[PDB]
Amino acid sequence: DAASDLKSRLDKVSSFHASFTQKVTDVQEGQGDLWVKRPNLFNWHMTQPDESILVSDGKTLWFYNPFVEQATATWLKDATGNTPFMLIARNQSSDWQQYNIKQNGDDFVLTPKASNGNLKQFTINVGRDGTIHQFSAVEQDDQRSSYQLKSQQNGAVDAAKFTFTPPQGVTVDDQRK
């Protein structure tokens, strides 16, 4: 069905680096960069609305906001598809099943089946070759964001991209029970 088709497309390329022009509104332009190593490794970096870094080492998900010298460590398994990049990063059947999906070729539009969700809408254009051309989302607070592919390079990614280490003066809040 649409959910399985979408997941297959997002699993087509085992390892890749995709760069995106980012647009956010509460139009603020930024940059979004995603590094992936299926199925559980990823690194996401964006500049809007605030510079944020998300790194999964396979079991721990690190959330870092550089301009605040703070980072939070959580269990990757406890993460949710609360943002468009997290949905793509996780690419979990359990996530897609929670949305009413509508597909037409490479285009997908998703809306949550139930309330109590930070995401009111998510859209994505991804071909069967695994190239993510664009994606967007509308969050509960009416915040909207869109991403347009600048370039996607398929291939092995350095392991260091999937490990986290703040510079200095950074406080780590460990939420892994």
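Numbering starts at 1 and follows the sequence shown.
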Could you bin the unmodelled part of the deposited chain lying between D142 and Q143 as none, 1 to 3, 4 to 9, or 10 or more?
none
Highest mean C-alpha temperature factor of the two stretches 88-96 and 102-110, which is it?
88-96
Of 126-134 and 54-62, the stretch with the higher mean C-alpha B-factor in the deposited entry is 126-134
Reading the B-factor column of the entry, which of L119, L41, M46, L149 has the highest value at its C-alpha atom?
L119
Is the Cα B-factor recorded for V172 in the lowest, middle or highest third of its chain?
middle
